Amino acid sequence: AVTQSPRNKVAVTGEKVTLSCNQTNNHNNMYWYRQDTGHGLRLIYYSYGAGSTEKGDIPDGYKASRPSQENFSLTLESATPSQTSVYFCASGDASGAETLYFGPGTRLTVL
């Protein structure tokens, strides 16, 4: 339904990291979240539809791109240790009050 890549990633401070997200049901909405203990899931960036991008609650250090309807990617231009968490991408199903379906997630560690 929604797949992410890579599943596991270790970067060094300053490395440029791109997380890739692919959905297969063509929903207009896609979201990028990071999950941290004590914070649960926080929105970084989200997309209302192809060719557009919107800042989430904690976008600093990130940028995202929605070239198409099926793909939404998240990029960490210069990775910092604080970006070390689990990233989850999700598409929004409007027919269910925007019920989300997440990809497996990307475990990113910044050394």
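The first residue of the sequence shown is number 1, and the count goes up from there.
*Asks:* Please work out which of 94-102 and 13-21 has the higher mean CA B-factor as recorded in the PDB entry.
*Replies:* Higher mean C-alpha B-factor: 94-102.
*Asks:* Given the B-factors recorded for C-alpha atoms, which segment has the greater mean, 76-84 or 22-30?
*Replies:* Per the deposited B-factors, the answer is 22-30.
*Asks:* Report the third (lowest, middle or highest) to which the CA temperature factor of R42 belongs, ranking only the modelled residues of the same chain.
*Replies:* Its C-alpha B-factor, which the entry lists for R42, ranks in the lowest third among residues of this chain.
*Asks:* Which third, lowest, middle or highest, does the CA B-factor of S5 fall in along this chain?
*Replies:* Tercile = middle for this residue's CA B-factor.
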